[PDB]
């Protein structure tokens, strides 16, 4: 964070860093937290959709976006930048079915959106995207990817982006199981969101989507199908939040 080397994406600092990329990362920190958790039977995406005003048509707010029948995605960072990236992913998913006449894999999609972001990182009159993404889906096996403003790509078993990344990360870091069940993964995910917010959850102010190995079809969970999971989740959240 040294002046003189931090206001031009194309300039390296004396200790080999791209401060404009690090600064862009500060933008995604401010976003509502989005969680991703994978298990044996599928992958889940949980996002916080609490709004500060009742004037917002929250009945139409979307935090988890369908990219293709089997690909899923969450967002964090600059709003407009995020939307553009998601449309880009969708277009990319369509191009694939045209060129190879088959659906694109989660890995290839995440990889293409990240190569795109990487380019907005090494040219002078260009600003990097101020957003991170969670790309989830099911190819032959479930998949969970996390992107970075610089274009870096990492595959996780469970993770998060936005305000509560730290909390969620440490929690999963201490209680995530390589063998959890879909419903366990679901609950564990909601609990995480809970610690993250430091409050019991309200099924109507959190969005959940997933893709299971059987259907390979993305689908959002209704607050009704979601209520039972929140109830169980709130139990432990309550139990852990201030003993």
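Positions refer to the first chain, counted from 1.
According to the PDB record, 195-203 carries the higher mean C-alpha B-factor of the two stretches 195-203 and 41-49.
Mean CA temperature factor is higher for 163-171 when stretches 113-121 and 163-171 are set side by side in the entry. Sorting the modelled residues of the chain by their CA temperature factor places residue 148 in the lowest third.
For residue 26, the recorded CA B-factor ranks within the lowest third of the chain. Only modelled residues enter the ranking. When all modelled residues of the chain are sorted by CA temperature factor, residue 81 is found within the lowest third. Sorting the modelled residues of the chain by their CA temperature factor places residue 55 in the highest third.
The entry lists a Cα temperature factor for residue 61 that places it in the highest third of the chain's modelled residues.
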